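Commentary on secondary and tertiary structure
So the chains spell out like this:
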Amino acid sequence: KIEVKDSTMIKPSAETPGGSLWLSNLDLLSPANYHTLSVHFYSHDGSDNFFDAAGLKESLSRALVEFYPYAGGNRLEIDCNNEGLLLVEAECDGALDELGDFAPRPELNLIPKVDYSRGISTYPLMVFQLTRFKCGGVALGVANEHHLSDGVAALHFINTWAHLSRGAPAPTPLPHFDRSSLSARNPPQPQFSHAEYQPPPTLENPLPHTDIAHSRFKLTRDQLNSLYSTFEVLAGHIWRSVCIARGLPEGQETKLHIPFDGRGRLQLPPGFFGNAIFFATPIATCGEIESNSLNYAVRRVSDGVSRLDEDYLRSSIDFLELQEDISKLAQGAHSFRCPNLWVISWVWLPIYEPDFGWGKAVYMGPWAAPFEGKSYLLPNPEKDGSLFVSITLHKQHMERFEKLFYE
Ligand SMILES: O=C(/C=C/c1ccc(O)cc1)O[C@H](Cc1ccc(O)cc1)C(=O)O
């Protein structure tokens, strides 16, 4: 019940010199065809001209005068050609209050499908969706190429794109586009054995069912430790709950994958624009997860995160430097599946700070993903001090997963 209205490609207003620049080694840790995408929801207010299209286009140009690589040898890079940034405005016969709590069920008309079979550099790298409803509310669906930038950089871009629409100046440190700070050493000397690069522990006794279910949970009972970060304890609990709810045989290896922003532990320049996301991979058998205390799992995840010191991160970069190709090491879409698990945390991220001049977001959230195996941590826009756990799991296991509440 959604249909396209307009499809535009936006140039910057200024020149923005478009010399192609170098992608990092961590940027090459994704498939050549992948968009990470989420949606921003805005409810209508008493103000006239709620998200006018022309104002947003002439604000998008004033935003692209800084972030020009969004419009644009044997190694991946797409030149800043300044030819266009896809912006498709749609129309829906819907009421935003009928959504209720925004379960991201796969009715993907809030975003478009892209085709890079015609060319990997033919179409641009990011797409925005401005879909307007019957109630006057609007959904803004963002879809970004992971090679170009991570969630932090695209979030900073959307915050600049917010401040330059509300008549305010640029948000913080202006974006830095030279990724030479994430370059390998000279010479490259790895010093550790990296399990973030070894293949995931698949090949278990096969699964009878394949259909999955998504569930988004509220947990207002964070304020208890039954003897570490909040994230480490919570991730240990989620991981133990999943490994118990799956009923896998003891001796089956499970592997938790955790994104980790390497801007702080390393010395990255401010406004660094690109992927600075490493991986924290603690491995353990499902038995010793289910047959030991929560202390075991939380210590395992804490050792998985605390290993990522400066030496280990630079050694990982040098290990990537030693490789033939790096995109052959990028696991995904099959690493996601059981017995493996992802857990992220958007609680610390400023995902609600984008205010275009019409108010804050009622709800932003992920949409349309390779679903199973990925647990997310979100903040509640009700700001009751509560926290959301958005997980996807096979149906046989989602009902078992209710022991997350059992401390
Ligand atoms: O969760 C985020 C969200 C990104 C985002 C934030 C705000 C926006 O407006 C738009 C996108 O990023 C991760 C990326 C990722 C995945 C696996 C890894 O091993 C390393 C990194 C993801 O989407 O899964």
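Remarks on the sheet that holds strand 11 (residues 363-366)
Pairing in this open sheet of 6 strands is mixed, and the strands run 1-3-4-5-2-11 from one edge to the other. Lying at the two open borders of the sheet, with one neighbouring strand each, are strand 1 (2-9) and strand 11. Neighbour to neighbour, the strand axes of the sheet diverge by 20° on average, direction disregarded. With 4 bridges joining them, strand 2 (residues 35-42) and strand 11 adopt antiparallel strand pairing. Bridge pairing in strand 11 links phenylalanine 41 to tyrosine 363. Lying over the sheet, helix 2 (residues 151-163) contacts strand 2, strand 4 (126-132) and strand 5 (138-145), oriented at roughly 50° with respect to strand 4.

Some thoughts on the pattern of salt bridges
Taken as a whole and assessed by the stated rule, the structure comprises 11 salt bridges. Between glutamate 89 and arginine 132 there is a salt bridge, with the nearest N and O atoms lying 2.7 Å from each other. Of this pair, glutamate 89 sits in strand 3 (residues 86-92) while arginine 132 sits in strand 4, and the two are 43 residues apart along the sequence. Relative accessible area serves as the criterion here: at 25%, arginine 132 is assigned to the partly exposed category. A salt bridge links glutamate 372 to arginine 337; its shortest N-O distance comes to 3.7 Å. Taken as a pair, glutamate 372 in the loop between strand 11 and strand 12 (374-379) and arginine 337 in the loop between helix 6 (310-322) and strand 10 (341-343) lie far apart in primary sequence, 35 residues in all. Under the relative-accessibility criterion, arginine 337 is labelled partly exposed at 34%. Connected via shared salt-bridge partners are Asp150, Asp261 and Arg263.

Here's the deal with empty space enclosed by the protein
Taken as a whole, the largest cavity encloses approximately 130 Å³ of empty space. Taken together, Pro104, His214, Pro366, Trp367, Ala368, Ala369, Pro370, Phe371, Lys374, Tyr376, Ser390 and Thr392 form the lining of the largest cavity. Taken together, the residues of the lining of the largest cavity sort by class into 8 nonpolar, 3 polar and 1 charged.

Observations concerning the UniProt feature "active site" in the protein
In the UniProt entry, the feature "active site" is given for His146 and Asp355. Within the secondary structure layout, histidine 146 lies in the loop between strand 5 and helix 2. Not counting residues up to four positions away in its chain, the partners in contact with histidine 146 are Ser30, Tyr34, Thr36 and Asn275. Here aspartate 355 falls in the buried class, since its relative accessible area comes to 19%. Non-local contacts of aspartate 355, meaning those with residues more than four positions away in its chain, are made with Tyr42, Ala162, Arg166 and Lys360.

Cut-off values and rules
Residues numbered from 1 in each chain as written, not as in the entry; some residues may be left out. Heavy atoms only, no water. Pairing = 2+ DSSP bridges. Helix = DSSP H or I, 4+ residues; strand = E, 2+ residues; numbered from the N terminus. Axes fitted to C-alpha atoms, helices over the stretch in contact; angles between N-to-C directions. Contact = heavy atoms within 4.5 Å. Salt bridge = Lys/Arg side-chain N within 4 Å of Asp/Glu carboxyl O. Buried < 20%, exposed > 50% of the residue type's maximum accessible area, 1.4 Å probe, protein only. 1 Å grid on protein atoms, 1.4 Å probe; cavity = no way out; pocket = protein on both sides within 12 Å on 5 of 7 lines; lining within 4 Å. Points joined across faces, edges and corners; volume = space filled by probe spheres on them. Nonpolar A, V, L, I, M, F, W, Y, C, P; charged D, E, K, R; others polar. UniProt positions renumbered as here; feature names shortened; annotations may be inferred.

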